[PDB]
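Undergrad: Would you be able to build a 3D model of this:
(6 chains, ligands or ions: 2)
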Amino acid sequence: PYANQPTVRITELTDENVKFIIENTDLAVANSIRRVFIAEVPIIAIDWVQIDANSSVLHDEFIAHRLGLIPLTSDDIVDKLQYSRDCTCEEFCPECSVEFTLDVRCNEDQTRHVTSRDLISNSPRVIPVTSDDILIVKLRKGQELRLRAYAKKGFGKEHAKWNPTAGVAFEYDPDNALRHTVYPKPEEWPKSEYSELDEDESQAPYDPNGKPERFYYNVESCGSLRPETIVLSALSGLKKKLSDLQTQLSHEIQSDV
Amino acid sequence: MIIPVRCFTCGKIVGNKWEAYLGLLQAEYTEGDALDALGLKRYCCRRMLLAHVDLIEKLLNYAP
Amino acid sequence: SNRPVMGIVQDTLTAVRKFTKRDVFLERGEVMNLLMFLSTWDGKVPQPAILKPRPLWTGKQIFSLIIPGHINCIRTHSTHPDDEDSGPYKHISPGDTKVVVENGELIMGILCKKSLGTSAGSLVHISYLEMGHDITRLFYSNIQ
Amino acid sequence: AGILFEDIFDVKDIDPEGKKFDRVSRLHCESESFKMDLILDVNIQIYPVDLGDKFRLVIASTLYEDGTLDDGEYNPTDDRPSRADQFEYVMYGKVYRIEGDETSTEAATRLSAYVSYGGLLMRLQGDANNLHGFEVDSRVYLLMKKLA
Amino acid sequence: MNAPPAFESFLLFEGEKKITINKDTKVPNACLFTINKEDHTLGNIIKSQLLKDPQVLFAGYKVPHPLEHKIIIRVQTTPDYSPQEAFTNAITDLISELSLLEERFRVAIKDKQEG
Amino acid sequence: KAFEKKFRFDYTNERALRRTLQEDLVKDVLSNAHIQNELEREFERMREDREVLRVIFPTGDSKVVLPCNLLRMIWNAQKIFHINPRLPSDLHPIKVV
Ligand SMILES: [Zn+2]
Ligand SMILES: [Zn+2]
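TA: Numbers count the residues shown, from 1 in each chain, chains lettered A, B, ... in the order given. Ligands and ions are numbered 1, 2, ... in the order given. This is the structure:
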C-alpha cells in the first residue's frame, strides 16, 4: 500500500479550457494523465464517408478527411456508444455509430459555403460542435455535394480526429528548483506564469531532496467534450486500462501456478 | 486550397476562423490583432491563418 | 588500415561525450531505465559512486557496464592539453581528458571520437581484438 | 574495523585551475595530523564545500564496520548497521594507481594513492606507512563528515 | 504500401496475450513482464509505482521498438517478496490513486461551478 | 646509455634484485654464472637487434605495425592474475629468456 494521495485545485474553468493543479503525485502519473488526455479519451468522429455526388473543386477523400476532423458533440453519448469493432451488429447501427447526411447544391451566383451546419445527424446528441461554422468546401453555381457519413467512437491513439484536446499545457517546477533543465544563462529566460520568484532572481535555489510533486495543467477542449469531462474521462479511462491489465495479470499468475 | 479544419500542431479548430479573420482584416485590424481577436494565442495556430492561401477562391472561377 | 571501419556516430557520439563527463550523476530511477537497454547486463545493479547524501551513479559507471569483458585501453580526449602529461596531475586529470579503461571499467576520462570512433587503438578496436566480433557487435548496439 | 585510512583535512583550494565541471569541484586539502595531501573530486551540488572547511575523511574497505565484504553491489534493502550512518558524504570507488618515491634499491618514503569514485578522482599523498592499506584494484569507501 | 492499421497499436490480434510473465534467470526474484499493445502510458506509471515499493530492488520498463507495441517491465524484489506480488500491488496503488484523483477532481469541479 | 640501463639485466646489485625478485630467485641469479651467462647473451642478442633496427628504420621512427599487441597483452596479464607491481616477482629471469 504505497498509493499517492493527490490533491486537485481547479484554477480556471471555462467552456473551452480547464486549468488545474495536481499535487502529491509522481511525474509518471502526471505525465500519463496528460498523455491520456490526448490519446485515450474516447470521442465520436466521422470515420466512414460515402459520397454520392461531389462536383466541388475538392476531390472525394479531401472532403472525407475534412469531415473526419469536424468535432462532434460527445459529452454523454460517447459513454453509451459501443466501439463498432465490439458491437455485435453489422457494419453500423445506432448503438455503435451516428449517421450523418450532407446534401448541398449551389444554384445562386453567390458562392455557397458548405459548413458543418449542413451536416445533419440522425441523433440529436451527436452534432457538430459549431451548432462560426467550420467550412467543409465552397461550392460554385452548378456544383453539389451529396454524401452520407457515419461517426463512430474512437480515441486519439488511433487518429488525431478522436483527440479531444486543442493543446494540453503541462508544467512542473516552474522555478527550476530541481534543475531538471539547466539554463546556460538563467537571467535570459522568461519567468513561468506559475513562477513564485521575485523579479530579481531567475532560478529558485537548488533543492537536492526535491522531487516533482506539483503539476500544472491547462486542458483546452476542441469542443467534443467539456474540458472537465476530458479530465474525468481520462482518469477513468486510465484506471480502466490498469484494471483491465490486472485482470489479465491475475489470469497469467494463476495460469503459471 | 482551403483553410485546414484543425491546427496541424495542437488540433485546435481553425476552419471556422478564416472568414472571420478576413472580415477583421477588412475592419482595418492588423494581422496580429485579428489573430488575437479570434483567440489564436499559440503561434502554431496563428501560423495556420497567417500563412494560409485560399486557392479555392481561384478554383471556383473555373466553370465546373 | 588495420582499424575499425564503423564506430559511434552523430547522436550517440555527441551524447556519450556528455554522458562520460565527470559531473554526470544518475538517480536510481534513471539508472534502472538505462539498464533496461543493456542486453549484456548481468542483472546486478552496481554500487553507486555516491552513496550519501543520495545514491547517485556516474555516467562512467553505467558506461563501464557497456564495456565488454575486461579490456584495457588508454586514450586522450580531444580537448586534452599537451602539457598535462608533463604536469603534476598526469594520472589525476583536472579536465577528465585522459581516458583509462582498466579491467573493462572506465575509471576516468571523457569518451569521444578518439576513443570510440574509427581509429586504431580505439576502445571499439580493442573490443574487437580482444572479445571478437560477436561481443563487439553487442558493444556497438549497447552504446547506442 | 576495516578502515584503511582516517584523518581530518582542511580545504585549501576549491578549484585552483578553474571550474572544469559545474556539479563537481576539485578539493585540494591538507591534513594536520598525518600531513597527508589530498586532492578530491566532490559532487559540489549535493555536498557543497567551502574554503577552509574542516572535515573527517575515512577510507574504508567496507561500510558494515564488522569486517564483512560488501561484494560491490547495490543493496539498499540491507538493514545491517553501516559506518555510513555516521558520515554525510559517502563515495564508493576503486584504487587504480599507487605511486611512490621508491628507487631501484631503497623503498618508498612517500606514497600516492589514486582512487576513482565512478570517475571522481582522489589522490592521497603522504608517508608510505599511512597508506599501507591501499592495494591497487581494491574497492574502497570514502566517507566525509564536515566538522564545525 | 506497408502502412500498419492504426488500431494495431492498441488492439490485440487473436491468439495474443495481453501480458506474459517470464522468470529472469540472471538474478533471483526477478521477472520480465511483456505487455502487448501498451506504450509509455502504462509502462511509466507502473515503473514509477514499483520504485515506490521498498521491497522492489529493480524496476524498469522499455519499449523495445517504437514500431512494435510491446513494453517489457523488469521487476526485481527481495527474497521474501515476489515480482508478481509487487506488480499487483503497484497496479492497486495506481488504481487507488486514480480513483481518489477522480473523486477529488469531481469535488473541485462542483466547488468551482458552484462559486 | 639508456638502452643498456633499461634492457641489460643487472645481476650484480643485490639490493635491487631483492626489490624485484623473491629471495629464492635472487640467490639463484647471484650464485651460478650459467644463468648470468644466459642473461648476458640475452642483452647481446638485444644489442644485435638494436643495430638491425637502425638499418631497417634509419629515420628512427619506432612506430611499427605488428601482429600482437604485447604491451596490452602484458596489461591483460597483470589484471587477470592480479599482479602487484609493488611486491617482488616469483618469475625467474631465466624462465623469461
Ligand atoms: Zn452496432
Ligand atoms: Zn495550434
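Undergrad: residue in chain C nearest to ligand 2?
TA: residue C:11 (28.5 Å; Cβ to the ion). In short, each C-beta sits where N, CA and C put it, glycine included.
Undergrad: Name the residues of the helix or strand harbouring that residue that are buried.
TA: Following DSSP states H and E, one finds residue C:11 within helix C:10-19. Within helix C:10-19, the residues scored as buried using 16 or more other Cβ atoms under 10 Å in any protein chain shown are C:13, C:16, C:17, C:19.
Undergrad: Please report how far the last one lies from residue C:66.
TA: Look at residue C:19 and residue C:66: by Cβ to Cβ, to the nearest Å, they are 10 Å apart.
Undergrad: Residue D:24 contacts residue D:42, correct?
TA: Yes: using Cβ atoms under 8 Å, residue D:24 makes contact with residue D:42 at a distance of 6.8 Å.
Undergrad: Which neighbours do these two have in common?
TA: residue D:120 (Cβ atoms under 8 Å, 6 or more residues apart in numbering or on different chains).
Undergrad: The two: who's more crowded?
TA: Shown here are residue D:24 and residue D:42; by other Cβ atoms under 10 Å in any protein chain shown, residue D:42 has more neighbours (26 against 23).
Undergrad: Quick one: list the elements packing against the helix or strand containing that one.
TA: If you go by DSSP H and E, residue D:42 is part of strand D:37-43. Strand D:37-43 is packed against strand D:24-31, strand D:120-127, with contacts defined by 3 or more Cβ pairs under 8 Å, 6 or more residues apart in numbering or on different chains; DSSP states H and E.
Undergrad: ok, the closest residue to residue A:166 other than its chain neighbours - how many residues close by?
TA: Distances taken as Cβ to Cβ, 6 or more residues apart in numbering or on different chains put residue B:12 closest to residue A:166, at 3.8 Å, once the chain neighbours are dropped. Counted with other Cβ under 10 Å, residues neighbouring residue B:12 total 24.
Undergrad: would you say residue A:138 is within a strand?
TA: Yes: residue state for residue A:138 (DSSP: H, G, I helix; E, B strand; the rest coil) corresponds to a strand.
Undergrad: for residue 29, what are its contacts?
TA: Looking at chain A here, since you left the chain open. Counting by Cβ under 8 Å, 6+ apart, residue A:29 makes contact with A:4, A:6, E:45, E:48, E:49, E:94, E:97, E:98.
Undergrad: To clarify, I was referring to chain F.
TA: Applying Cβ under 8 Å, 6+ apart, the residues near residue F:29 are F:11, F:17, F:21, F:35, F:36, F:39, F:93.
Undergrad: Tell me the one of those residues nearest residue D:89?
TA: Nearest to residue D:89 out of the contacts of residue F:29 is residue F:21 (Cβ to Cβ; 43.2 Å).
Undergrad: Which residue, other than its chain neighbours, is closest to residue A:130?
TA: Closest residue to residue A:130 apart from its sequence neighbours, by Cβ to Cβ, 6+ apart: residue A:116 at 4.9 Å.
Undergrad: swap in residue F:76?
TA: Nearest residue to residue F:76 in three dimensions, chain neighbours excluded: residue C:72, at 6.3 Å (Cβ to Cβ, 6+ apart).
Undergrad: Quick check: phi and psi at that neighbour.
TA: phi -130, psi 130 (degrees, to the nearest 10).
Undergrad: Isn't residue A:101 up against residue A:123?
TA: No: contact criterion Cβ under 8 Å: residue A:101 and residue A:123 do not qualify, at 12.0 Å.
Undergrad: who's more crowded, those two?
TA: Taking neighbours as other Cβ under 10 Å, residue A:101 and residue A:123 compare with residue A:123 leading, 17 against 13.
Undergrad: so the more buried one touches residue A:76, yeah?
TA: No: Residue A:123 is not in contact with residue A:76 according to Cβ under 8 Å; the separation is 11.7 Å.
Undergrad: Residue E:67 and residue A:3, how far apart?
TA: 34 Å.
Undergrad: what's the closest of the helices and strands packed on strand D:37-43 to chain F?
TA: strand D:120-127 (15.4 Å; Cβ to the nearest Cβ).
Undergrad: Parallel or antiparallel, which strands does that closest one pair with?
TA: The pairing partners recorded for strand D:120-127 under DSSP bridges are strand D:37-43 (antiparallel), strand D:110-117 (antiparallel).
Undergrad: Mind listing what's buried along that strand?
TA: Here strand D:120-127 shows D:120, D:121, D:122, D:123, D:124, D:125, D:126 as buried, counting by 16+ other Cβ under 10 Å.
Undergrad: so who does the nearest residue to residue C:99 once chain neighbours are set aside touch?
TA: Sequence neighbours aside, residue C:109 is the residue nearest to residue C:99 in space, at 3.1 Å (criterion: Cβ to Cβ, 6+ apart). The neighbours of residue C:109, taking Cβ under 8 Å, 6+ apart as the test, are C:20, C:60, C:75-77, C:93, C:96-101, C:115.
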